[PDB]
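Enquirer: sequence first, structure after; it's an experimental one.
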Amino acid sequence: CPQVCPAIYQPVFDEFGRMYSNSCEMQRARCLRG
C-alpha cells in the first residue's frame, strides 16, 4: 500500500458500495484499517 497515489483520477467502486478515487487509494485505505 504506497503512501502516495498518482494524480490520474480512476474512480473505483467497492462491493460495499463505497466510492474510491483510484485503486491506489483503495489499497491505501485498506492498509490503514489493516
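Expert: That came through fine. Numbering: from 1, shown residues only.
Enquirer: not counting sequence-adjacent ones, nearest residue to the spatially most central residue of the chain?
Expert: Nearest residue to the geometric centre of the chain (CA atoms, centre = their mean): residue 26, 1.8 Å. Leaving aside its chain neighbours, residue 26 sits nearest to residue 20 (4.6 Å; criterion: CB to CB, 6 or more residues apart in numbering). Bear in mind the C-beta positions are built from the backbone N, C-alpha and C, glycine included.
Enquirer: got phi/psi on that neighbour?
Expert: Main-chain dihedrals, residue 20, degrees, to the nearest 10: phi -130, psi 140.
Enquirer: surely it touches residue 14?
Expert: Yes - judged on CB atoms under 8 Å, residue 20 makes contact with residue 14 at a distance of 6.5 Å.
Enquirer: residues that sit against both of these two, list them.
Expert: residue 26 (CB atoms under 8 Å, 6 or more residues apart in numbering).
Enquirer: quick one: which of the two has more around it?
Expert: residue 20 (17 against 11; other CB atoms under 10 Å).
Enquirer: so who does that one touch?
Expert: Residue 20 neighbours (CB under 8 Å, 6+ apart): 11, 12, 13, 14, 26, 29.
Enquirer: so the first one makes contact with residue 21?
Expert: Yes - using CB under 8 Å, residue 11 makes contact with residue 21 at a distance of 6.1 Å.
Enquirer: give me the more crowded residue out of the two.
Expert: More crowded of residue 11 and residue 21, by other CB under 10 Å: residue 21, with 14 against 10.
Enquirer: what helices and strands are in contact with the helix or strand encompassing residue 31?
Expert: Per DSSP states H and E, residue 31 falls inside helix 23-33. Here helix 23-33 touches strand 12-13, going by 3 or more CB pairs under 8 Å, 6 or more residues apart in numbering; DSSP states H and E.
Enquirer: ok, back up a step: what's across from the residue nearest to residue 26 in the sheet?
Expert: On the basis of DSSP bridges, residue 20 is bridged to residue 12.
Enquirer: can I get the contacts of residue 20 in JSON lines with distance to residue 4?
Expert: Output for these, formatted as JSON lines (distance: CB to CB, whole Å):
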{"residue": "11", "distance to residue 4": "18"}
{"residue": "12", "distance to residue 4": "17"}
{"residue": "13", "distance to residue 4": "22"}
{"residue": "14", "distance to residue 4": "21"}
{"residue": "26", "distance to residue 4": "14"}
{"residue": "29", "distance to residue 4": "14"}
